[PDB]
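Quick notes on the structure that follows.
Laboratory data are not the source of any read-out in this text; all were calculated from the coordinates shown. When we count neighbours, we look across all protein chains shown, and the Cβ atoms used for this are built from the backbone with ideal geometry, even at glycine.
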Amino acid sequence: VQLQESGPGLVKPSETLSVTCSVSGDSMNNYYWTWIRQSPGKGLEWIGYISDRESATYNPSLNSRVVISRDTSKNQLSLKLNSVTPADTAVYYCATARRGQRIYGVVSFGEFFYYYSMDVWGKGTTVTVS
Amino acid sequence: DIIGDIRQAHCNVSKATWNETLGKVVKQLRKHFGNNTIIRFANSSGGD
Amino acid sequence: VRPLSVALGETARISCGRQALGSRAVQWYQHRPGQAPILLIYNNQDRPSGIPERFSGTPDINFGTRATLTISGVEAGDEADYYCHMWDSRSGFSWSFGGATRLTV
Amino acid sequence: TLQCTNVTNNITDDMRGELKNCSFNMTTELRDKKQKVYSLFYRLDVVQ
Ligand SMILES: *[C@@H]1O[C@H](CO)[C@@H](O[C@@H]2O[C@H](CO)[C@@H](O[C@@H]3O[C@H](CO[C@H]4O[C@H](CO[C@H]5O[C@H](CO)[C@@H](O)[C@H](O)[C@@H]5O)[C@@H](O)[C@H](O[C@H]5O[C@H](CO)[C@@H](O)[C@H](O)[C@@H]5O)[C@@H]4O)[C@@H](O)[C@H](O[C@H]4O[C@H](CO)[C@@H](O)[C@H](O)[C@@H]4O[C@H]4O[C@H](CO)[C@@H](O)[C@H](O)[C@@H]4O[C@H]4O[C@H](CO)[C@@H](O)[C@H](O)[C@@H]4O)[C@@H]3O)[C@H](O)[C@H]2NC(C)=O)[C@H](O)[C@H]1NC(C)=O
Ligand SMILES: *[C@@H]1O[C@H](CO)[C@@H](O[C@@H]2O[C@H](CO)[C@@H](O)[C@H](O)[C@H]2NC(C)=O)[C@H](O)[C@H]1NC(C)=O
Ligand SMILES: *[C@@H]1O[C@H](CO)[C@@H](O[C@@H]2O[C@H](CO)[C@@H](O)[C@H](O)[C@H]2NC(C)=O)[C@H](O)[C@H]1NC(C)=O
Ligand SMILES: *[C@@H]1O[C@H](CO)[C@@H](O[C@@H]2O[C@H](CO)[C@@H](O)[C@H](O)[C@H]2NC(C)=O)[C@H](O)[C@H]1NC(C)=O
Ligand SMILES: *[C@@H]1O[C@H](CO)[C@@H](O[C@@H]2O[C@H](CO)[C@@H](O)[C@H](O)[C@H]2NC(C)=O)[C@H](O)[C@H]1NC(C)=O
Ligand SMILES: *[C@@H]1O[C@H](CO)[C@@H](O)[C@H](O)[C@H]1NC(C)=O
Ligand SMILES: *[C@@H]1O[C@H](CO)[C@@H](O)[C@H](O)[C@H]1NC(C)=O
């Protein structure tokens, strides 16, 4: 299910920044959809994921000003960036992950934690701010 | 400090072995409280 | 990014700076510049189908052992940066992706 | 008086304070000087 991303690559600073992502192959109902942005000079920075109850979690280092709306009509996962700074130039990556579970003690007490693994990744679309 | 995951203490008792050993108690409790009575156990009420 | 220089043939063992504080579920990623990252192994040893059956992770047992990854049988084209994603019971949600690892031959 | 802080906090579970990380002042060696020590206490042994 190679995802295709349609990014403009040219967004004026302090404006709206939207990046779409196709799914391709199969629908999106039992998969977790994450979004990772990598900026020059550093590594990738996980943003968040959306699935299940439609309550997408956001990174605590982004002020939660970004939103990840998952669509089902056209099967795309866009990004709505508001109040973006002129230093947001970074290539965005569209990939999904499966939520495994790790258990270390009695699971009835609550001794387990959820970890996500990115099974598939998209080539991404490089988008800057000008 | 604690070296590793922070888990909770707990005791384990067999569900079947406790179940049959608690039906032997209720059979003798019927020798002092009437052969035909409903005997129910409950958890401790209060105190230290 | 961090510097790690290797050569052809000899096996290489690479770990990540972050240290566990419980039961870990580390995963390793391959960020070849340009192409999308590929998951090498999750759950400390559970590589997905397609990845060559020569990258092996450290199993989680007898807490204390460092999470190191072996890339034995290195090839000439291995010039990417790796990523050790550490999940542990205590540290909570692992939002960060850790430090990269440049590969040079 | 101990300055206790939850060992886990935003670490796991509902932020339960089953364990507290309490730092306090005590006179180590000389009776004038007192240095800051700490220890792990259970929630059953510290009263706010
Ligand atoms: C009082 O009673 C209560 C209630 O009975 C007791 O509470 C229980 O206590 C025990 C002990 O603390 C807990 O055990 C933990 O279980 C977890 C989870 O195990 C389950 O899930 C595993 C994975 O499931 C996934 O895959 C399967 C397909 O394989 C899939 O169907 C599933 O949906 C899911 O996707 C299963 O593999 C596992 O099977 C095991 O148990 C079977 C019997 O049930 C047995 O027949 C199997 O052969 C197998 O042994 C089970 O279904 C365990 O993960 C955990 O152990 C891991 O974590 C500890 C923490 O350090 C670590 O030391 C262990 O080595 C082990 O870590 C290995 O596995 C990790 C997960 O795969 C992996 O990430 C690690 O890297 C590591 O892998 C390496 O080591 C293993 C070890 O040999 C090796 O096999 C690998 O190949 C590799 O080398 C705990 O054991 C119970 O959860 C808990 N509650 C219940 C309800 O049981 C309490 O203990 C009692 N107390 C007293 C005092 O009596
Ligand atoms: C309590 O622990 C003992 C061992 O310390 C357990 O005895 C084992 O029971 C299993 C049955 O599932 C046998 O296969 C083993 O051979 C037994 N081991 C020994 C050393 O006797 C016992 O099952 C445990 N009971 C509970 C309720 O946890
Ligand atoms: C015994 O069990 C009962 C119920 O299983 C517990 O009753 C609770 O008591 C608290 C008061 O502290 C009430 O607020 C709850 O509403 C009660 N629960 C129910 C279901 O009625 C009781 O706390 C338990 N006591 C012990 C010592 O185990
Ligand atoms: C309990 O709190 C103390 C602080 O009083 C912690 O000690 C610090 O731990 C950090 C991280 O390991 C170190 O960088 C500091 O140097 C430590 N300071 C001192 C004075 O020891 C301790 O780690 C805490 N323990 C637990 C289990 O949370
Ligand atoms: C332990 O004692 C030190 C002082 O020796 C306390 O630190 C002082 O805290 C007061 C709080 O009003 C400050 O005004 C002082 O400037 C502090 N002195 C320092 C930091 O050298 C500390 O709070 C005590 N800790 C306890 C009692 O748990
Ligand atoms: C086993 O437990 C059930 C309820 O949990 C009880 O009705 C039954 O009588 C028990 N069996 C014996 C043999 O005591
Ligand atoms: C059983 O019931 C009879 C009722 O006839 C009663 O007399 C007796 O005390 C009860 N308990 C026994 C027989 O152990």
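Values for this structure:
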{"item": "Identity of the residue in segment C:25-38, surrounded by 23 or more Cβ atoms within 10 Å (Cβ to Cβ) and part of a strand (DSSP E or B), that ends up nearest to the other protein chains (Cβ to nearest Cβ)", "result": "C:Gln27"}
{"item": "When residues of segment C:1-24 are limited to those that are closer than 23 Å to A:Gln38 by Cα and of a type outside the set (A, V, I, L, M, F, W, C), the one nearest to the other protein chains (Cβ to nearest Cβ)", "result": "C:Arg2"}
{"item": "Which listed residue, of A:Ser73, A:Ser14, is farther than 20 Å from A:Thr128 by Cβ and either of a type in the set (A, V, I, L, M) or surrounded by fewer than 17 Cβ atoms within 10 Å (Cβ to Cβ) (or both)", "result": "A:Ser73"}
{"item": "From A:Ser27, A:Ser39, A:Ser18, A:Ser6, residue being among the polar types (S, T, N, Q) and more than 26 Å from A:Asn63 (Cα to Cα)", "result": "A:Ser27"}
{"item": "Residues located in segment C:53-104, provided they are within 13 Å of chain A (Cβ to nearest Cβ), within 23 Å of D:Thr8 (Cα to Cα) and among the polar types (S, T, N, Q)", "result": "C:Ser89, C:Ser91, C:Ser94, C:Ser96"}
